[PDB]
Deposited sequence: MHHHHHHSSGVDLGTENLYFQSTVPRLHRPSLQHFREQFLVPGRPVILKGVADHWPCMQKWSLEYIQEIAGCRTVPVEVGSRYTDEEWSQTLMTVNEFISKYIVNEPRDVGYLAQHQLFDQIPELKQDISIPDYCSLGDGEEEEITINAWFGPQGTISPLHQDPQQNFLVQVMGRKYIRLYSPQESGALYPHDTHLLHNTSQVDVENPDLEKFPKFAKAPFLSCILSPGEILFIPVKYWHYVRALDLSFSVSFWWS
């Protein structure tokens, strides 16, 4: 089934129908006119951030390079491998970029402090994949550039997703969502899910502990807000 799209729902409607029961939704008309949506070209990113060091996931290895090197090696030049500037607090590192985003007003429905909201950048070429995993906070995933295919499985379905047994990976499924090994993981086939293609200006609410799998369909930039 599809994730529902709602235009600027009230705080109360969002709280009652989505946050408290733990149901995903796409919020429209919320982030669509943030400055990032028109300002963040590759060239702008190079101008503001190009000389700064970022962590880059390659493949599986973790390396460090400048933003300029990342763009040259993994985005613009026929790249040899997939590289992803994933899960990085770029906005703490480069505070000028905070001017181009906002914290969604819905985060004020949580029990946590605004100071403790973690804002991560996710910037990479077409074809980056984040395997199916769950996170311990609520998330608003804001799509700025490009589109992502997203699959969502409820925490009720965790038995059918065969989480890894190691503590480093217990929040991650052993299954490759788009090419599952049903001989090894047969319960996966019948597990229900939601999916969407998340486009620029749209926000995906991923409830706490909802399993999510993400594949970039174009050159992509997303901003996540982890909150409670």
Missing C-alpha coordinates: which residue stretches of the deposited sequence does that apply to? 1 to 21, 81 to 87
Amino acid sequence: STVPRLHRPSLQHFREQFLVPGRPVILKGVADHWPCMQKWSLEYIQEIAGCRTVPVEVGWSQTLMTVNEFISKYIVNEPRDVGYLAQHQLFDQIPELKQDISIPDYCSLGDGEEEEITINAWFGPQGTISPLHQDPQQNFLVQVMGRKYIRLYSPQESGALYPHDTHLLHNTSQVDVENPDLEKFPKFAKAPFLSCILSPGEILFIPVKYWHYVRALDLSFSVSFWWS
From here on, numbers count along this sequence of modelled residues.
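Rigid core here is just the name for the largest C-alpha set that superposes within 1.5 Å across the two forms.
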Should one compare 75 to 83 and 134 to 142 by root mean square Cα distance from the shown form in 4 other deposited structures of this protein, core superposed, the larger belongs to 75 to 83
Using only the Cα atoms and their B-factors as the entry lists them, report which of 12 to 20 and 202 to 210 averages higher. 12 to 20
Tell me which stretch has the larger mean Cα B-factor in this entry, 177 to 185 or 158 to 166. 158 to 166
Have a look at 49, 196, 65, 58 and flag the one whose Cα has the highest B-factor in the entry. 58
Which of 146, 95, 124, 131 ranks first by CA B-factor in the deposited coordinates: 95
According to the PDB entry, is the CA B factor of residue 224 in the bottom, middle or top third of its chain, that is, lowest, middle or highest? lowest
Check where residue 73 lands among this chain's C-alpha B-factors and tell me if it's the lowest, middle or highest third. middle
Grab the CA temperature factor for residue 119 from the record and place it in the lowest, middle or highest third of its chain. lowest
Record-listed C-alpha B factor of residue 45: chain third: middle
Which third of the chain does residue 103 land in by C-alpha B-factor: lowest, middle or highest? highest
